[PDB]
file final07.cif (mmCIF, C-alpha atoms)
data_input
#
loop_
_atom_site.group_PDB
_atom_site.id
_atom_site.type_symbol
_atom_site.label_atom_id
_atom_site.label_comp_id
_atom_site.auth_asym_id
_atom_site.auth_seq_id
_atom_site.Cartn_x
_atom_site.Cartn_y
_atom_site.Cartn_z
ATOM 1 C CA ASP L 3 -32.772 17.995 -30.359
ATOM 2 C CA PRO L 4 -36.306 19.387 -31.030
ATOM 3 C CA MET L 5 -34.967 22.895 -29.908
ATOM 4 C CA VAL L 6 -32.131 22.988 -32.564
ATOM 5 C CA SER L 7 -34.750 21.686 -35.037
ATOM 6 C CA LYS L 8 -37.130 24.619 -34.525
ATOM 7 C CA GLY L 9 -34.700 27.535 -35.069
ATOM 8 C CA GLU L 10 -32.818 25.549 -37.672
ATOM 9 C CA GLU L 11 -36.040 25.091 -39.548
ATOM 10 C CA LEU L 12 -36.706 28.868 -39.806
ATOM 11 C CA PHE L 13 -33.280 29.551 -41.354
ATOM 12 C CA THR L 14 -32.506 26.602 -43.703
ATOM 13 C CA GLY L 15 -32.974 28.374 -47.094
ATOM 14 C CA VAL L 16 -32.943 31.934 -48.293
ATOM 15 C CA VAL L 17 -34.930 34.256 -45.970
ATOM 16 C CA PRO L 18 -36.117 37.766 -47.107
ATOM 17 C CA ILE L 19 -35.025 40.586 -44.752
ATOM 18 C CA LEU L 20 -36.508 44.060 -44.085
ATOM 19 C CA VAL L 21 -34.588 46.706 -42.028
ATOM 20 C CA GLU L 22 -36.074 49.961 -40.789
ATOM 21 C CA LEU L 23 -34.156 52.589 -38.863
ATOM 22 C CA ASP L 24 -35.255 55.898 -37.323
ATOM 23 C CA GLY L 25 -32.243 58.047 -36.451
ATOM 24 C CA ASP L 26 -31.504 61.341 -34.620
ATOM 25 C CA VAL L 27 -27.798 62.236 -34.177
ATOM 26 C CA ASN L 28 -27.265 65.647 -32.504
ATOM 27 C CA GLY L 29 -30.789 66.533 -33.699
ATOM 28 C CA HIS L 30 -30.015 65.596 -37.335
ATOM 29 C CA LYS L 31 -33.004 63.308 -38.058
ATOM 30 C CA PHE L 32 -32.967 60.634 -40.775
ATOM 31 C CA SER L 33 -34.738 57.329 -41.698
ATOM 32 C CA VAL L 34 -33.293 54.340 -43.492
ATOM 33 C CA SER L 35 -35.014 51.369 -45.113
ATOM 34 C CA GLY L 36 -33.233 48.212 -46.248
ATOM 35 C CA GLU L 37 -34.196 45.059 -48.024
ATOM 36 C CA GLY L 38 -32.336 41.946 -48.968
ATOM 37 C CA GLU L 39 -31.932 38.367 -48.005
ATOM 38 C CA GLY L 40 -29.996 36.009 -45.663
ATOM 39 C CA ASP L 41 -28.874 32.401 -46.074
ATOM 40 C CA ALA L 42 -27.575 31.309 -42.678
ATOM 41 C CA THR L 43 -26.444 27.916 -44.106
ATOM 42 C CA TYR L 44 -23.624 29.953 -45.711
ATOM 43 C CA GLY L 45 -23.440 32.749 -43.075
ATOM 44 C CA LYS L 46 -24.372 35.043 -46.003
ATOM 45 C CA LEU L 47 -26.269 38.409 -45.984
ATOM 46 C CA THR L 48 -27.043 40.633 -48.922
ATOM 47 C CA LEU L 49 -28.709 44.018 -48.159
ATOM 48 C CA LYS L 50 -29.316 47.406 -49.800
ATOM 49 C CA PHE L 51 -30.076 50.429 -47.556
ATOM 50 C CA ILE L 52 -31.673 53.709 -48.677
ATOM 51 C CA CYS L 53 -31.802 56.963 -46.801
ATOM 52 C CA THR L 54 -35.475 57.826 -47.489
ATOM 53 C CA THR L 55 -35.225 61.295 -45.855
ATOM 54 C CA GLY L 56 -32.437 62.619 -48.200
ATOM 55 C CA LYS L 57 -28.721 62.859 -47.290
ATOM 56 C CA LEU L 58 -27.579 60.547 -44.577
ATOM 57 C CA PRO L 59 -25.971 62.886 -42.027
ATOM 58 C CA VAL L 60 -23.419 60.301 -40.755
ATOM 59 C CA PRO L 61 -21.059 58.039 -42.701
ATOM 60 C CA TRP L 62 -22.688 54.763 -43.974
ATOM 61 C CA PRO L 63 -19.879 52.657 -42.374
ATOM 62 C CA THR L 64 -20.843 53.902 -38.931
ATOM 63 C CA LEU L 65 -24.266 52.186 -39.314
ATOM 64 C CA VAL L 66 -23.088 48.751 -40.581
ATOM 65 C CA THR L 67 -23.033 47.060 -37.187
ATOM 66 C CA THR L 68 -26.465 48.532 -36.366
ATOM 67 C CA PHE L 69 -28.080 47.369 -39.567
ATOM 68 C CA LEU L 71 -28.723 40.272 -38.011
ATOM 69 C CA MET L 72 -26.756 37.739 -35.959
ATOM 70 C CA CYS L 73 -29.375 35.096 -36.469
ATOM 71 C CA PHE L 74 -27.860 34.707 -40.010
ATOM 72 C CA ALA L 75 -24.513 33.545 -38.651
ATOM 73 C CA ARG L 76 -23.327 30.137 -39.854
ATOM 74 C CA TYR L 77 -22.941 28.067 -36.647
ATOM 75 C CA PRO L 78 -20.826 24.932 -37.318
ATOM 76 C CA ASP L 79 -22.670 21.645 -36.615
ATOM 77 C CA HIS L 80 -20.462 21.126 -33.478
ATOM 78 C CA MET L 81 -21.647 24.526 -32.159
ATOM 79 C CA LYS L 82 -25.463 24.479 -32.775
ATOM 80 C CA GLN L 83 -26.145 24.265 -29.008
ATOM 81 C CA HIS L 84 -24.549 27.786 -28.763
ATOM 82 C CA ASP L 85 -26.836 29.599 -31.182
ATOM 83 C CA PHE L 86 -28.827 31.982 -29.033
ATOM 84 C CA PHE L 87 -30.002 34.041 -31.931
ATOM 85 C CA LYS L 88 -31.953 31.382 -33.806
ATOM 86 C CA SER L 89 -33.162 29.844 -30.599
ATOM 87 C CA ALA L 90 -35.093 33.095 -29.775
ATOM 88 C CA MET L 91 -37.032 32.890 -33.157
ATOM 89 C CA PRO L 92 -39.646 33.439 -34.403
ATOM 90 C CA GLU L 93 -40.707 35.659 -31.472
ATOM 91 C CA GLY L 94 -37.260 37.288 -31.740
ATOM 92 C CA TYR L 95 -34.941 39.218 -29.588
ATOM 93 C CA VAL L 96 -34.024 42.773 -28.581
ATOM 94 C CA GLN L 97 -30.528 43.940 -29.462
ATOM 95 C CA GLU L 98 -29.357 47.082 -27.608
ATOM 96 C CA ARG L 99 -26.048 48.845 -27.992
ATOM 97 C CA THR L 100 -24.028 51.803 -26.871
ATOM 98 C CA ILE L 101 -21.237 52.548 -29.370
ATOM 99 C CA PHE L 102 -18.546 55.020 -28.238
ATOM 100 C CA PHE L 103 -16.727 56.794 -31.000
ATOM 101 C CA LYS L 104 -13.283 57.550 -29.497
ATOM 102 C CA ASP L 105 -12.822 61.392 -29.123
ATOM 103 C CA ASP L 106 -16.301 61.946 -30.454
ATOM 104 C CA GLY L 107 -20.024 61.138 -29.820
ATOM 105 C CA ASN L 108 -21.871 57.946 -29.043
ATOM 106 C CA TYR L 109 -24.780 56.005 -30.628
ATOM 107 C CA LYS L 110 -27.342 54.274 -28.395
ATOM 108 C CA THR L 111 -29.497 51.768 -30.382
ATOM 109 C CA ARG L 112 -32.447 49.548 -29.653
ATOM 110 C CA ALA L 113 -33.651 46.989 -32.168
ATOM 111 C CA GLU L 114 -36.167 44.241 -32.342
ATOM 112 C CA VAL L 115 -35.304 41.381 -34.574
ATOM 113 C CA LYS L 116 -38.135 38.982 -35.295
ATOM 114 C CA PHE L 117 -40.206 37.304 -37.979
ATOM 115 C CA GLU L 118 -43.242 39.055 -39.558
ATOM 116 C CA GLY L 119 -44.605 36.102 -41.535
ATOM 117 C CA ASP L 120 -41.838 34.819 -43.821
ATOM 118 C CA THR L 121 -39.873 38.031 -43.476
ATOM 119 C CA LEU L 122 -37.117 38.549 -40.983
ATOM 120 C CA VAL L 123 -37.447 42.160 -39.720
ATOM 121 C CA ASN L 124 -34.851 44.341 -37.840
ATOM 122 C CA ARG L 125 -36.610 47.536 -36.523
ATOM 123 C CA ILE L 126 -34.200 50.007 -35.000
ATOM 124 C CA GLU L 127 -34.240 53.352 -33.119
ATOM 125 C CA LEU L 128 -30.863 55.147 -33.061
ATOM 126 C CA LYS L 129 -29.966 58.196 -30.902
ATOM 127 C CA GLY L 130 -26.563 59.853 -31.071
ATOM 128 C CA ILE L 131 -25.345 62.546 -28.738
ATOM 129 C CA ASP L 132 -22.187 64.582 -28.083
ATOM 130 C CA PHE L 133 -20.871 64.487 -31.621
ATOM 131 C CA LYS L 134 -18.392 67.067 -32.964
ATOM 132 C CA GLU L 135 -20.065 68.853 -35.853
ATOM 133 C CA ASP L 136 -16.680 68.951 -37.616
ATOM 134 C CA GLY L 137 -15.498 65.531 -36.355
ATOM 135 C CA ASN L 138 -14.976 62.375 -38.320
ATOM 136 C CA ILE L 139 -18.660 61.385 -38.082
ATOM 137 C CA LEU L 140 -20.695 64.663 -38.627
ATOM 138 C CA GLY L 141 -17.814 65.877 -40.832
ATOM 139 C CA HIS L 142 -17.969 62.725 -43.012
ATOM 140 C CA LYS L 143 -14.242 61.881 -42.908
ATOM 141 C CA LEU L 144 -14.595 58.050 -42.886
ATOM 142 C CA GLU L 145 -13.558 55.986 -45.956
ATOM 143 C CA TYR L 146 -16.261 53.868 -47.650
ATOM 144 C CA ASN L 147 -14.837 50.505 -46.672
ATOM 145 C CA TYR L 148 -14.871 48.084 -43.797
ATOM 146 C CA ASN L 149 -12.330 45.844 -41.918
ATOM 147 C CA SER L 150 -12.898 42.163 -40.747
ATOM 148 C CA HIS L 151 -13.450 41.740 -37.065
ATOM 149 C CA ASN L 152 -14.159 38.980 -34.431
ATOM 150 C CA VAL L 153 -17.154 39.652 -32.134
ATOM 151 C CA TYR L 154 -17.019 37.964 -28.637
ATOM 152 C CA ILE L 155 -20.266 36.438 -27.279
ATOM 153 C CA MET L 156 -20.863 35.687 -23.670
ATOM 154 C CA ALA L 157 -23.933 34.430 -21.671
ATOM 155 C CA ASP L 158 -25.788 36.985 -19.552
ATOM 156 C CA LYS L 159 -27.408 34.313 -17.328
ATOM 157 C CA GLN L 160 -29.222 36.726 -14.929
ATOM 158 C CA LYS L 161 -30.978 38.336 -17.930
ATOM 159 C CA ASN L 162 -31.690 35.123 -19.837
ATOM 160 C CA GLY L 163 -29.679 36.550 -22.787
ATOM 161 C CA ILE L 164 -26.194 37.423 -23.981
ATOM 162 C CA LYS L 165 -23.652 40.263 -23.870
ATOM 163 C CA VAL L 166 -21.398 41.109 -26.800
ATOM 164 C CA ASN L 167 -18.349 43.371 -26.622
ATOM 165 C CA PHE L 168 -16.089 44.418 -29.639
ATOM 166 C CA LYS L 169 -14.079 47.205 -31.285
ATOM 167 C CA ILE L 170 -14.523 48.379 -34.873
ATOM 168 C CA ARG L 171 -11.688 50.497 -36.476
ATOM 169 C CA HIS L 172 -13.107 52.705 -39.212
ATOM 170 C CA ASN L 173 -10.463 53.941 -41.642
ATOM 171 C CA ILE L 174 -10.245 57.777 -41.809
ATOM 172 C CA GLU L 175 -9.445 59.597 -45.063
ATOM 173 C CA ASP L 176 -6.097 60.957 -43.682
ATOM 174 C CA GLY L 177 -4.926 57.317 -43.209
ATOM 175 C CA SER L 178 -5.615 57.087 -39.493
ATOM 176 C CA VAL L 179 -8.485 55.024 -37.735
ATOM 177 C CA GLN L 180 -11.627 56.027 -35.850
ATOM 178 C CA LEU L 181 -12.281 53.498 -33.021
ATOM 179 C CA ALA L 182 -15.908 52.576 -32.412
ATOM 180 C CA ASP L 183 -16.163 50.657 -29.108
ATOM 181 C CA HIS L 184 -19.344 48.479 -29.118
ATOM 182 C CA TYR L 185 -21.205 47.347 -26.009
ATOM 183 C CA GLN L 186 -24.174 45.086 -26.676
ATOM 184 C CA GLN L 187 -26.892 43.114 -24.771
ATOM 185 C CA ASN L 188 -29.580 40.806 -26.438
ATOM 186 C CA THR L 189 -32.609 39.392 -24.644
ATOM 187 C CA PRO L 190 -35.425 37.205 -26.034
ATOM 188 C CA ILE L 191 -38.794 38.887 -26.718
ATOM 189 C CA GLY L 192 -40.693 35.567 -25.910
ATOM 190 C CA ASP L 193 -41.075 33.846 -22.496
ATOM 191 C CA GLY L 194 -39.819 30.524 -23.928
ATOM 192 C CA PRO L 195 -36.537 28.713 -23.428
ATOM 193 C CA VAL L 196 -33.463 29.915 -25.321
ATOM 194 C CA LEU L 197 -29.998 28.494 -25.943
ATOM 195 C CA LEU L 198 -27.447 30.236 -23.720
ATOM 196 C CA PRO L 199 -24.022 29.882 -25.126
ATOM 197 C CA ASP L 200 -20.549 29.107 -23.923
ATOM 198 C CA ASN L 201 -18.111 31.949 -24.668
ATOM 199 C CA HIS L 202 -17.374 31.955 -28.388
ATOM 200 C CA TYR L 203 -17.004 34.477 -31.236
ATOM 201 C CA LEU L 204 -18.508 35.443 -34.617
ATOM 202 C CA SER L 205 -16.107 36.213 -37.442
ATOM 203 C CA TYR L 206 -17.300 39.046 -39.654
ATOM 204 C CA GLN L 207 -16.342 40.103 -43.201
ATOM 205 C CA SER L 208 -18.181 43.152 -44.633
ATOM 206 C CA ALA L 209 -17.968 44.551 -48.180
ATOM 207 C CA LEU L 210 -19.589 47.883 -48.965
ATOM 208 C CA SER L 211 -20.610 48.938 -52.456
ATOM 209 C CA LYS L 212 -22.878 51.201 -54.490
ATOM 210 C CA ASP L 213 -25.798 50.376 -56.835
ATOM 211 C CA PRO L 214 -24.773 52.037 -60.148
ATOM 212 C CA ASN L 215 -28.481 52.701 -60.959
ATOM 213 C CA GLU L 216 -29.349 54.256 -57.647
ATOM 214 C CA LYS L 217 -29.651 58.066 -57.307
ATOM 215 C CA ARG L 218 -30.616 58.085 -53.679
ATOM 216 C CA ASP L 219 -28.050 58.098 -50.820
ATOM 217 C CA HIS L 220 -27.574 54.344 -50.134
ATOM 218 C CA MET L 221 -25.258 51.486 -49.185
ATOM 219 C CA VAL L 222 -25.104 47.917 -50.494
ATOM 220 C CA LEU L 223 -23.714 45.573 -47.835
ATOM 221 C CA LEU L 224 -22.447 41.987 -48.264
ATOM 222 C CA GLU L 225 -21.613 40.183 -44.917
ATOM 223 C CA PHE L 226 -20.324 36.698 -44.146
ATOM 224 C CA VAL L 227 -20.541 35.645 -40.605
ATOM 225 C CA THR L 228 -19.243 32.351 -39.090
ATOM 226 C CA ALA L 229 -19.294 31.198 -35.481
ATOM 227 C CA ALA L 230 -16.038 29.863 -33.995
ATOM 228 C CA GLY L 231 -13.919 29.523 -30.811
ATOM 229 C CA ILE L 232 -15.297 26.238 -29.377
ATOM 230 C CA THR L 233 -13.379 23.448 -31.149
#
call {"tool": "encode", "arguments": {"input": "final07.cif", "output": "structure tokens"}}
result
Amino acid sequence: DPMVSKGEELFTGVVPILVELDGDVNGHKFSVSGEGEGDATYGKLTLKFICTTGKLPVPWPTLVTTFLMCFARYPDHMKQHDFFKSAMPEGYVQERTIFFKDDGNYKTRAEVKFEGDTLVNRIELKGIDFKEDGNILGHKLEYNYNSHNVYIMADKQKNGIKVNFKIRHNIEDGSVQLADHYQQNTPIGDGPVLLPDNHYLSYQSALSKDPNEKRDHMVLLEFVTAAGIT
């Protein structure tokens, strides 16, 4: 299929990644840069994020989802369902609203596309209605991350997809902070794209710290595998 060929071909080996985020949550401004690489053959991402403006004013785990679905490993039997690669290299827009239960919400817009050999994810994040003393602005979330299925459906009238999912962030007192994710992606190009049957992405995320890093930062290891159409 010369369509599967084209997107396939962009992702076959290790691809460098650049992430840039401009953030304002309740007027607390911040910028993050990340760098790393993805190897979609294995569903594998390795990234390191740095807050370049100082202290990150929100917990690092709340930004994990925001900070590359094109790097998912789609099984051979599911390649006709891979919207994300099919949009490349022109890319796609990924927009979210994420509702933190009993607290504020993030609204994000990103463009994910190639700049030469580099896969780039440029993001604007606005958060509003946060509790200054809540779990987010009050930094009460543990520095860890749970595994989660993410449900993809076609958004035929917008030539794209919608994605819905819940993330439970562990709180330091032992409880959980729900983060309810609503997501839409649409191609940037005017070309054809693969529009998928309902299926899901299985995520595993491991957060760590660079022992030689003095800046406020997050190292993120993600494995992502498509499933749900046997």
call {"tool": "resolve_selection", "arguments": {"input": "final07.cif", "expression": "the PyMOL selection byres ((chain L and resi 109) around 9)", "output": "PyMOL selection string"}}
result
chain L and resi 27+99-103+107-108+110-111+128-131
call {"tool": "write_last_selection", "arguments": {"input": "final07.cif", "atoms": "C-alpha atoms", "output": "short mmCIF file (atom, residue, chain, number, x, y, z; two decimals), in the frame of the given file"}}
result
data_model
loop_
_atom_site.label_atom_id
_atom_site.label_comp_id
_atom_site.auth_asym_id
_atom_site.auth_seq_id
_atom_site.Cartn_x
_atom_site.Cartn_y
_atom_site.Cartn_z
CA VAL L 27 -27.80 62.24 -34.18
CA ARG L 99 -26.05 48.84 -27.99
CA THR L 100 -24.03 51.80 -26.87
CA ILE L 101 -21.24 52.55 -29.37
CA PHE L 102 -18.55 55.02 -28.24
CA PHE L 103 -16.73 56.79 -31.00
CA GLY L 107 -20.02 61.14 -29.82
CA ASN L 108 -21.87 57.95 -29.04
CA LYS L 110 -27.34 54.27 -28.40
CA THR L 111 -29.50 51.77 -30.38
CA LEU L 128 -30.86 55.15 -33.06
CA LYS L 129 -29.97 58.20 -30.90
CA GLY L 130 -26.56 59.85 -31.07
CA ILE L 131 -25.34 62.55 -28.74
#
call {"tool": "residues_near_point", "arguments": {"input": "final07.cif", "point": "(-43.4, 36.8, -47.2)", "cutoff": "8 Å", "atoms": "only C-alpha atoms", "output": "ChimeraX atom specification"}}
result
/L:18,118-121
call {"tool": "atom_distance", "arguments": {"input": "final07.cif", "atom1": "CA of residue 63 in chain L", "atom2": "CA of residue 51 in chain L"}}
result
11.7 Å
call {"tool": "resolve_selection", "arguments": {"input": "final07.cif", "expression": "the PyMOL selection byres ((chain L and resi 197-210) around 8)", "output": "ChimeraX atom specification"}}
result
/L:75,83-86,89-90,146-157,159,162-164,195-196,211-212,221-232
call {"tool": "residues_around", "arguments": {"input": "final07.cif", "residues": "residue 95 in chain L", "least_positions_apart": "4", "cutoff": "10 Å", "atoms": "all atoms listed in the file", "output": "PyMOL selection string"}}
result
chain L and resi 73+86-91+113-116+124+163+188-192
call {"tool": "axis_aligned_box", "arguments": {"input": "final07.cif", "around": "range 9-13 of chain L", "padding_each_side": "4 Å", "output": "AutoDock Vina command-line options"}}
result
--center_x -34.8 --center_y 27.3 --center_z -38.2 --size_x 11.9 --size_y 12.5 --size_z 14.3
call {"tool": "residues_near_point", "arguments": {"input": "final07.cif", "point": "(-26.1, 39.3, -42.1)", "cutoff": "6 Å", "atoms": "only C-alpha atoms", "output": "VMD selection string"}}
result
chain L and resid 47 71 74 225
call {"tool": "resolve_selection", "arguments": {"input": "final07.cif", "expression": "the PyMOL selection byres ((chain L and resi 219) around 7)", "output": "PyMOL selection string"}}
result
chain L and resi 52-53+56-58+217-218+220
call {"tool": "closest_residue", "arguments": {"input": "final07.cif", "among": "L:98, L:175, L:183, L:26", "to": "residue 132 in chain L", "atoms": "all atoms listed in the file"}}
result
L:26
call {"tool": "closest_residue", "arguments": {"input": "final07.cif", "among": "L:172, L:50, L:112, L:134", "to": "residue 96 in chain L", "atoms": "all atoms listed in the file"}}
result
L:112
call {"tool": "atom_distance", "arguments": {"input": "final07.cif", "atom1": "CA of residue 138 in chain L", "atom2": "CA of residue 38 in chain L"}}
result
28.8 Å
call {"tool": "closest_residue", "arguments": {"input": "final07.cif", "among": "L:168, L:62, L:77, L:69", "to": "residue 125 in chain L", "atoms": "all atoms listed in the file"}}
result
L:69
